[PDB]
Structures are given as C-alpha cells and as structure tokens.
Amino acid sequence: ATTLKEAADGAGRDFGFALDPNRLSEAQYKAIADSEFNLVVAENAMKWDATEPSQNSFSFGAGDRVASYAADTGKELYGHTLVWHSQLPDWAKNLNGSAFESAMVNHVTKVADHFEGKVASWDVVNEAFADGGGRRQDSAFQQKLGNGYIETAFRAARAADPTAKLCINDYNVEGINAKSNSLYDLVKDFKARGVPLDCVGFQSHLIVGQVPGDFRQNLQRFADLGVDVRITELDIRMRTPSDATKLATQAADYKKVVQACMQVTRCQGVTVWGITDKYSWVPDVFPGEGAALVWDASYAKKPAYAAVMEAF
C-alpha cells in the first residue's frame, strides 16, 4: 500500500475527508484529496445555513460542487448534515411551533431530494445529546419541538430518500459514558419501533493522549443493535506548537482509532475532518489547540500518516 486510499480499499472500508470545494483550485490540496481518500463529505457546503439561507430559498451551488467532485473522482459521497442546532439561520430560529416543525421537515425533504442518488449516507440529525447525559440544552429543535423532532427528521428523510443510509451523529460518544448511553437508548428504541435509522456516526474530535480505551467495545454494542457505525469527523487536538513527542502520541492515537474500527465488522470506515492543519477548524474554535490532522500546514505527512496506513 502506497496511499491511505488503497490501504482502506484493501480493508473493505472507507477513508474520507471533509472537503472545502474552494480548495480544489489548490493543486497540492487536490492531489492529496484525489489520491489519499475514497470518500468525501462537505465540511460546510451541505449544512442548513449553506443550503437554505432564506426560508424556502435553496442554494445548492456549493453542495453540487462537492457532489460532482465525488462522482468525478469515483469517491463515495457522505451527507452532512440535515438537522443541526449549529449554523442554523436566524429566520429558522425565529419560527416556532407548527411553523418551525414545517420548516424542519421541509428542509430535510428538499435537501435529501436534491442529493438523492448521489449522497449515499446522511447525518440526518447531529449533536442531539448533551455531555453528561440527556438532550442538548441549547438547541432550537429540542427547545421548540421536544424529544420527537429526531424521529420526525428520520421519517421525513426516509420518505424523501428511500435508500440512503440515515445516520445520527455526535461527539464525546466514542467511549461508553452518559452521553453515549443516552444515544444508545435512542438507537435501541428506534430500531425497536421500526423508525428509519441505519447508522451512527462518531465524530471523534479527540484530544491527543486521550483516545477512549473502550472505543471498540462501544462501537461493537452499537453495531449489535443492528446498525452500521462510522468515525465521521476524526481529528486529534493538541496544545500548540507541536513537537516530536506530541506528534508521536498523536500517531499512536490515530492508530488506536482506526484499529477500533477495524475490529468491528460493522464499522464502515473513518473520515478525518480535513486534510491539512493549514485549514483545520480547531485553532479558531479551541484557543491554543490545533495541529490535529494527518498533514501539516506545508502538506507534509505527519507521523499520523504511517500510523493510519498501518492500522488499515
């Protein structure tokens, strides 16, 4: 194996990255995207704010570019994300009751339909739970619609796209904890009542030297509920600047994650949230933290690269 792509290919799994369409005009970026991955997800192009800036007015330009890139290079296409509390336009946050419900169902239907046949799987609902257990405490959907909005989104997504793999996504649920437990209950419930649900996405936004020791176990119990599992937004945050020691630990961590997936027959694969640290979303969100991706700002393979290659 000379690329992470064929390594993942040989393991019968996916290895993807979060794409910023604008960067495709950057040669080195495209070269890596083209050769090191077999799956692609829109880092931002398919979110609510990007697809429905104004009520009932859709903007699929950016999303279509991402979709075209996938079809053009023969990569699987992953959809992110239909229902999410973040990056939600104000016009939506201003709606309530029936109006809001209607706008949510409409958003799901229009976006799902638009990419039908192209997007193979969707993070239908993202980040619905709260660290420590229970539902997220700062979500427009949870506050305006209560517990039933999740099921409604999945049913509406299934209605718009009969065959797409419908997933629920979250972070800090990689290991067994109060958050993953609540997520687990929801999944068990949905499968029990026949609610459309086919997968669970573990964002996996981890911190170096802090990969959950029960990652595999946790992935396995979810898979045993009768749904596929996948690492969808992998990146391992470290205190900057980076140094040999922290880069080595990070490498060991990436190995652990990919290995956990490899040890679960239902783990479809791993998707890293970006290619290079030059564009990683971490620094601006986590002050003093960064250097979380496989390639550095100069597009040089970091120790994590060889670790992933080995894990696969």
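In case it trips you up, residue 1 is the first one in the sequence shown, and so on.
### Message
Regarding 136-144 and 150-158, which shows the higher C-alpha temperature factor on average in the entry?
### Response
Comparing averages over the C-alpha atoms only gives 136-144.
#### Entry: Mean Cα B-factor comparison, 89-97 or 173-181, giving the higher one as deposited
So the stretch with the higher mean C-alpha B-factor is 89-97.
### Message
Sorting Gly201, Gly74, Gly209, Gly79 by Cα temperature factor from the record, which one lands on top?
### Response
Going by the entry's C-alpha B-factors, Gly209 comes out highest.
### Task
Go through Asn38, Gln268, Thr276, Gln250 one by one and give the residue whose Cα B-factor in the PDB entry is largest.
Comparing C-alpha B-factors across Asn38, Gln268, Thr276, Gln250, the top value belongs to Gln250.
### Query
Sorting the chain's CA B-factors, does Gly16 end up in the lowest, middle or highest third?
As the PDB entry reports it, the C-alpha B-factor of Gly16 lands in the lowest third of its chain.
### Message
How does the C-alpha B factor of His114 compare with the rest of the chain: lowest, middle or highest third?
### Response
Lowest third of the chain for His114's C-alpha B-factor.
### Query
Sorting the chain's CA B-factors, does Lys47 end up in the lowest, middle or highest third?
CA B-factor rank for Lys47: middle third.
#### Entry: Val285, C-alpha B-factor rank within chain (lowest, middle or highest third)
It belongs to the highest third of the chain when residues are ordered by C-alpha B-factor.
### Task
Going by the recorded CA B-factors, say which third of the chain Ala130 sits in, lowest, middle or highest.
Highest third, going by the recorded CA B-factors of the chain.
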